[PDB]
Amino acid sequence: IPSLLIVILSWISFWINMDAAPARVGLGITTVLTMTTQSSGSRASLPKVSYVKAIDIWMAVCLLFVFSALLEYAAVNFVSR
Amino acid sequence: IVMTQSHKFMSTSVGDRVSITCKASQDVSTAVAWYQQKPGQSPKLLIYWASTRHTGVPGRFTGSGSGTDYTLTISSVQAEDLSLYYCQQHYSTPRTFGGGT
Amino acid sequence: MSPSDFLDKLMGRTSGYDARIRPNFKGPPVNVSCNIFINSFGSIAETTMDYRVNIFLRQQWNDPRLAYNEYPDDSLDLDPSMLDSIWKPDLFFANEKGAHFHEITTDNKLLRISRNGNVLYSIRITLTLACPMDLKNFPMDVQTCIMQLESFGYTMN
Amino acid sequence: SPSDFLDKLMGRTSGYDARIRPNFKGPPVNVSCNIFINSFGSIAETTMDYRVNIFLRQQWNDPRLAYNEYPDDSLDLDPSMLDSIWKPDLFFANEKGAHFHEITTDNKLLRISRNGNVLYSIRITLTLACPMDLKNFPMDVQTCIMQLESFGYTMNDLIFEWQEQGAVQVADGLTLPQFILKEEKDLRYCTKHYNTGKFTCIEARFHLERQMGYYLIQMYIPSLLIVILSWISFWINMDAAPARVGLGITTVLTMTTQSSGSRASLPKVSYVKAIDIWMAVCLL
Amino acid sequence: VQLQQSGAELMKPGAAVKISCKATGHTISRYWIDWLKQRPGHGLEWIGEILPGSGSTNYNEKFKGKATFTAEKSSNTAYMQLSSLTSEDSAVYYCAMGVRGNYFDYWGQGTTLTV
Amino acid sequence: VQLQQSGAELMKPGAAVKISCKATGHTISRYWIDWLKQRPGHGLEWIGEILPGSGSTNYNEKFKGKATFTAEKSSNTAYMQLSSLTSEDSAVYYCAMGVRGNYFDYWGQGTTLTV
Amino acid sequence: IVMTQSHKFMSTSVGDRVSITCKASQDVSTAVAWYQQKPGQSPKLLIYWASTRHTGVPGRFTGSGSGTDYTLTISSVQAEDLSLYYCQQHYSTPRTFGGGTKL
């Protein structure tokens, strides 16, 4: 649920205006910053295991979707000019 | 340890009672195994510890005895029971079978 | 017959009972039908990959030199202090990883000797078994924890 | 003689003295010993130790335990008759804690052969000490040792030597996580000259290789990802001063908390490691 | 559990032959692999035993120096090697495996030697 | 393990000489270093032993006072000093090192001393 | 403890067999070593504990004996076997050798 909430958090940048640079920038950066900590929080009692788990490819994909929206905004200002 | 079976050959019709004696030189234990080897294949376990049955030995195979005298008795002798029967003592380091029957 | 005089003639002081000699010495192996009763699992840790549980390890065997013709009872529930003077199969846990008897207020041992020689041996034991788990699908995994009741000093013979 | 044999052999008869070593005032007692490891895990870098459940076996001739009564080659005995005979007083020079197992009985095995050879197997947990060099921590290859040493007998009364073939024995499905125990195990001497004389020692080398898959996920990928989005500030407009500064100001602290996280999993070692010069350069 | 041996062998008097015993169903370093000898005119005869993980062996008195037990965890196979072959080696050689005792509840098809 | 000594010596009656035993191959404070005498016309003769880390020594009764064992971990070397030389001190002095017993399986090249 | 090799010199021939004795005084143990010193070099260990060999000793060197009497023995002398042989008792504090025997 928390990883699900943060993934939906970063999507509000797609509605707010493009010219609001510090708004959409810090939003996509904070969300990707938090998922980097949420995934690290998934090893409280899990052993130092080599292979990938089932929750590892969930936090990783949710992480992979949060900064994808970040660099998505990076192209928007770039495509703007 | 010597496992000396008395008789080498034994023949009889279907549905008979036969006692295949296996007299050992030492009272090892009740540890005696009885193997059936059809001509041309690996032997198969029938009885171990002189009384138990291996998985898949359906009836008509009963061991007995103790000390140095044993027996492998069969009553419902089908045609598929005339083969080689080996008694095996497994209560010592050098394992030795019998003389076949 | 003054059971203080009977406990000494069945075992202990008189009758020459050696707890060092296996029953049926130089005979068939002593088969031991044993079951367990688990009071509680818990502390199934993925970090250490283990789990503790206390159980009542019950194990039965026939000891022919514990047969009595004095008391007409079917079984005969004895005192756990008369449990260190009889033969006992020395089974351990191959994934023991830390186990201990329970000494609280007494020895948590049980011993009843049937009229023919049977021996019920119940003991209360906590033990942190080693459960190597496969966490390939951790949140939805279905692990499988074991306990191996193995003998140590006596062979299969 | 079903039970008088145990009395006439050792204890209460024949005058067996368990305090005097075999062949007293003669040659030393070569104790051929081998090891069987059940579990091998809990290898902590913080404590520099590892726990290894093993069955320690050891054979030694004892000319006053030779019998002519039973025709058996060997003769299994009860472990209660294991406290009434001589036993080599070995220990583990890097023990750091080791306890027997008395679960439902003393996990001891005695076997006196026909000529006096005494097999002796016991179970031990033995959380040994493994000083490990972490110069290249995430992908290092350690060597955890196991030193079997005598304590009260010099090398004129007790000598230890490994089994000639198959001395260290690993269980079948023994697979410890985060490491892989190599099948080659070096068996060498570790003879200890102390202040009190010559003392026997024989060690077993265990070579371990660290499974890098775990650290590849928690350590390298996140810091690698944190360095990537630091690059996309060049694609954003340069006039957006606060928006552009927002990237680095959070990623600088981001790598800082990542570099700190690579310490709780490790000890506080002086020199620099293989992961520190990765996290530091990514921080740069 | 199953044990697959080698094919038929044909050796000359004085050479040496190595018989295999492929284990298909369990790790070869798990159980004791026993080696027997069946010769026509006599019953079976126990050669020895090898634990393929610890290199321990127990040869029969008659077969010491004649049979050499080895193993290879890379192939899950135990190897018996007869040396100094004579006319008394013509027989069938089995590799049984008693799990719950000193009996032989598992067997191989049997390798035929001719010298 | 290779022990190394110093060159030959030429000393006058009454002086004192210090023969070293360099330890090239192992830490000097690890094993017991021994010291032997071999005077021509007679055989070898054990002087004593020193453990170069604990300062423990064991001199022969015949050589008490004559021999003085020391050590210096700064260069992995164990020293011996012969005081009050005479004419009966012309021999070769070795520094053996028995590891697995009281024998002498490691040796130095031999320091010749002519008084 | 005093060791005693009662033969300073012994006669022999190449390829033959010879038995060297070292009759100790007390019954220390089976602890007796045997050294070989070529003229100009340090001695070398051959047989420690009176029956075991050192890493590198040829197979023709054999030790035996117990109590007081002991013996070294060669089988096939090569061109590097005529030298001095010392017996050493290592079951006491004063490690006294023997008188040596030139082969």
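Odds and ends about this structure:
We just call them A, B, C, D, E, F and G in the order they show up, numbering each chain from 1.
By our rule, a residue touches a chain if its C-beta (ideal position, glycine included) is under 8 Å from a C-beta of that chain, and two chains touch if they have at least 3 such contacts.
Between subunit A and subunit D, the least number of touching-chain steps is 1.
Across F-G and A-C, the chain pair carrying more C-beta contacts is F-G.
Per-chain Cα centroids separate subunit C from subunit D by 30 Å. Centroids built from CA atoms put subunit F at 39 Å from subunit D.
Averaging C-alpha coordinates per chain places the centre of subunit B 62 Å away from that of subunit G. Between the Cα centres of subunit A and subunit E there is a gap of 63 Å.
Within subunit G, contacts with two or more other chains are made by residues 31, 49, 90-91.
Each of residues 47, 49, 51-52 in subunit A touches at least two other chains. Shown for subunit E are the residues in touch with two or more other chains, namely 101-102. Against subunit C, the residues of subunit D that register as touching in their complex are 2-3, 6, 38-39, 41-42, 53, 76-81, 101-110, 121, 123, 125, 173, 175, 177.
Interface of subunit F with subunit D (complex): residues 30-32, 51, 54, 56, 98-102.
By the touch criterion given at the top, residues 25-28, 156 of subunit D touch subunit G in their complex. Of all residues in subunit C, those touching subunit E in their complex are 156-157.
Taken in their complex, subunit E has these residues touching subunit C: 100-102.
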